[PDB]
Amino acid sequence: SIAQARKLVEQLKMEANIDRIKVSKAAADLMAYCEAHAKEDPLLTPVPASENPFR
Amino acid sequence: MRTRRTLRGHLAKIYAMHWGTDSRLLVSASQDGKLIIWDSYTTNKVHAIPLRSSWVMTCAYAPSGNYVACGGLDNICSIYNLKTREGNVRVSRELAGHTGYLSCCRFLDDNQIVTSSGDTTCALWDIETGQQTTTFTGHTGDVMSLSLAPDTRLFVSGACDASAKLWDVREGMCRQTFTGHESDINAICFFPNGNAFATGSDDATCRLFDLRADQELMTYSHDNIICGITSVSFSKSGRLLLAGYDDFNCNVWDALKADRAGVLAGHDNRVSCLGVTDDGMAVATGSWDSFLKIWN
Amino acid sequence: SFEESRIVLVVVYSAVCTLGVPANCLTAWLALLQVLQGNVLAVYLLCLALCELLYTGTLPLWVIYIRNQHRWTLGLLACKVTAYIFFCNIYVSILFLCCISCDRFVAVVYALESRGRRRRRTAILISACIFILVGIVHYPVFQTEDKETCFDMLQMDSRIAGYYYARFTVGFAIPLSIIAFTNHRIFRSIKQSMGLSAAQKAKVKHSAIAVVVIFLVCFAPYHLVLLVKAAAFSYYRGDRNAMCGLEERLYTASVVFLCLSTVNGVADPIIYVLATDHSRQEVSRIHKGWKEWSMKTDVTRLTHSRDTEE
Amino acid sequence: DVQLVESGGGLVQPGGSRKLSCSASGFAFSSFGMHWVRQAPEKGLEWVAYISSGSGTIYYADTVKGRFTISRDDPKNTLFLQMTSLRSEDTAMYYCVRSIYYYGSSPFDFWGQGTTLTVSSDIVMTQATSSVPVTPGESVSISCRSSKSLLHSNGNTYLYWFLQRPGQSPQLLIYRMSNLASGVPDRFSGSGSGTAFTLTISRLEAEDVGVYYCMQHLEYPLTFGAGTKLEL
Amino acid sequence: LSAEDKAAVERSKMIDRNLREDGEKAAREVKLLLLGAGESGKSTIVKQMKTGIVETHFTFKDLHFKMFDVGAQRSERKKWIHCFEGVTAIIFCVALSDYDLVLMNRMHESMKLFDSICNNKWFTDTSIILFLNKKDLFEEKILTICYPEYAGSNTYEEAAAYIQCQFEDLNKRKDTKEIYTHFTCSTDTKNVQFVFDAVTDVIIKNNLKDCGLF
Ligand SMILES: CCCCC/C=C\C=C\[C@@H](O)CCCCCCCC(=O)O
């Protein structure tokens, strides 16, 4: 099992170039994506019967 | 929050499902040996696929809709042409390059197909040659589920390592190492933005991640919830997280806050697969009680 | 004498009906509860429940309408319909017990053949044939009307009693032979099988013999007071109109036999939940669900109350 | 690919009966629904008969009821149709037609060679003119005028349009007003409102010559259009 | 609501009739789970009834037998063991002459596999059958190498009784489960006779539950 570590640790060192964001800005992506498609979201803003084809 | 139609499935059991691009048709996979393409509005099945290998655990519906992929533990992935001149369903080619059990097949493109297998590695396949172009290694556990981005360029897979590893499709290179799980990742799903993803596992804790952050934003856990998680899906606008559970009921948590927004207790059996349409009108739930049910 | 014994008997009929109605009413619903994940015996006991309590409930209805001293305020069309319900319910119940025993035999011995034949569609086929056979038997019964006393009668001719002896033979004796045949073959096929344990062997012996014994001890002595008619009326020694004591003793015997047969009729859905082992678990979880939706435990209410008082 | 060869289309005595059959090979005729279409010796396609995949539903036309019969054979993989009481209007160049039915299926996609049979209310659709002189390279349009609207309650209209190449089997151009058929160039494109309909022939060249037809698919008695010649 | 909808109804009825017929045809076959461990005599057992898992079909009298051989899976057992929840019988093969081979002797680890598979939650009530292998070699060579705890005679009958007794003592959460054991001679004509009588007894006892009798 000695050999299996070798290609593993370079697999760690090829992840030295981790892209970085801030978790508050990461969640800012999450919240800012919501209102873009919230006008077509039928779960929190369900479509009434005339625009609803699932009746 | 109530059932609008009940497909009632086909014969025995239901393991995986995949919503089509049309958002009207779904594919249903089961251990019986029949794959059924279903219609949501008319509650009428539109296709039936016999299987050479009865044991199947995954299904993929192509974004074009021309092809459907089914596979199992037989080490052979079968891609079927739905639209033929004959009108039948014929497997385009056998894909036998793995030494384990093909846990999840996904359709990046018509040409490029991503398969996750019990060989503890993933491989991009080309339908013309039946040969791996890029093989993604490093996952110590057997990769059980992969989630693909909308861009179809970067995808993540998850295994029995309690960890997730990102992959670049072009060069076969591990892009990120996510950790934080306490158990095997039963299922994984990608956020429709393409910037984040959240997972669930047998430790009854849903966990949110961002690809660039490589960090846990917040965990979704309840004391009464000891039941392990078998499926995860998202709404089109966020503010939602649909999640199957081992407690014989599905639950809906808020994406941002994870309150107990929706209690979903229709199915009597373990919710094997949970899928949401690409436009997001309805949620489809499938289980081994032979029943398929679509709610709104 | 006859009037007071009859009136206290029909009061006890009303009491037995009041004690027995919710059990059979719930029995139908439980049969519908199993019919989705149901075998052949599930829908057979469903049809048994749907054939039970209709006459058994409506008999006390016309009792409490007019306490029967042969008074008929109705046009007697309901009394003929009444008899059509009672006799047919008895015959379908007994031959249904015979056919469930036959299906037990064919399942235990011819186990390979049975699984294909145990579709629920094959279950609802023979039942209609049983009922239509009883209907052809009852068609002359409808025709042989003399516009006379139908509650009880006795005569030298015994034409009605001759038809009743024929109905006895075609409806009781051969069914008993079938029941005995299939149960003793169950006995032999169990004791020659060694894989099943001796305790389970004894338990199925006890259950099957218990069902056979209750069917015998209830319905068969009635059949004895039916079969006595052939000899007794044929020699005229068991038929004298002026010597009314014979009519008295046969009438008291018939009303006591009718009382115990109605007791067994009430007990048939009770037997449907008693003797089998699975019914203990199903009745236990039904009791748990009844307590759950009744909210009689009130333990969380008790916690809230002891928190509020302090 | 597929093979549809009709059998024994010949002379029939007036008022008599004759078995016609399209021998079939190379497709899942077990899972496919089948139609028949009549072609009078000069002008006019109109629908005749329907047999479904499961042989349960049988739909006939006004002059077709009773006097015709239809049948099939799954192990030998072929299709029969018997015609009795044959007169002058009963003579036509019948084409054996396959049509599978589900969401997004393309009915009336393939045709046979023909039946050379010579002896001796309803929705009304008419195309405006039956003759349009053209030039190889300029865009033209032809319009089929129905009598009632084809827009169903579900919001999807049912409307299939056909091209007939001179002397041979026809093709399907566009189905349900928006979907081009396979093997068809994109230069053909249907358009129009829910009641008025018109073609968009663009940059026509020397293979578009022939007669063009329209059809409704909102009522079971299907009736094609009159046909419009597109001469050079 | 037109000819297209009626035709879709006919096709949807058609495929359901085909599905029902195929399900009834498939339900007759008896499913068997083989769990051969290494040199447990897998080639021997497949000869006696005559890259993933290997499926085989053998017919005995009037009864069909589909058995799935899980061989060289090389994966975590839990993730796919439940796929065989509906199987009627689990056949186990164990070599008896592997009492002198240490990789942790093969017998002890085989016992651990049996303890794990018996004590699971999915197999609460599934009848367990186990076979033997290489018993003539075991009797010929024989004790102290693998089981000094026996402290008994090297007589084949006595030793084989001890070994089979200890293996049948692995009935954890097997109150409803049964352990049919067999002295497989490895040359006995039809050791499928044990399987047929065992599956017949299971079918009989489950038929009692189908009637609700037991
Ligand atoms: C012998 C003394 C006189 C009192 C009458 C004694 C018994 C009368 C006993 C009754 O079952 C007989 C009445 C005939 C009913 C016909 C039944 C028709 C049928 O259900 O098949």
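For chain B, we keep the numbers from Swiss-Prot: what you see runs 45-340, in order.
This entry, so its header tells us, was determined using electron microscopy, 3.0 Å.
Just so it is clear, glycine is given a Cβ too, placed from its N, Cα and C backbone atoms.
Some features that Swiss-Prot has for this protein:
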type	residues	note
MOD_RES	B:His266	phosphohistidine
REPEAT	B:46-94	repeat 'WD 1'
REPEAT	B:95-140	repeat 'WD 2'
REPEAT	B:141-181	repeat 'WD 3'
REPEAT	B:182-223	repeat 'WD 4'
REPEAT	B:224-267	repeat 'WD 5'
REPEAT	B:268-309	repeat 'WD 6'
REPEAT	B:310-340	repeat 'WD 7'
Per DSSP, the repeat 'WD 3' (B:141-181) contains 0 helix, 21 strand, 20 coil
Near the repeat 'WD 7' (B:310-340) in space but 6 or more residues beyond its ends, with Cβ under 8 Å, are 45-63, 65, 67, 70, 72-73, 75, 82, 84, 274-281, 286-290, 292-294
Long-range Cβ environment of the residue listed as 'phosphohistidine', under 8 Å and at least 6 residues apart: B:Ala248, B:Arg304
Counting each residue once, how many in the repeat 'WD 1' (B:46-94) are helix, strand and coil under DSSP? 0 helix, 25 strand, 24 coil
DSSP helix, strand and coil counts for the repeat 'WD 5' (B:224-267)? 0 helix, 21 strand, 23 coil
In the repeat 'WD 7' (B:310-340), how many residues does DSSP put in helix, strand and coil? 0 helix, 12 strand, 19 coil
Helix, strand and coil totals (DSSP H, G, I; E, B; other) for the repeat 'WD 6' (B:268-309): 0 helix, 15 strand, 27 coil
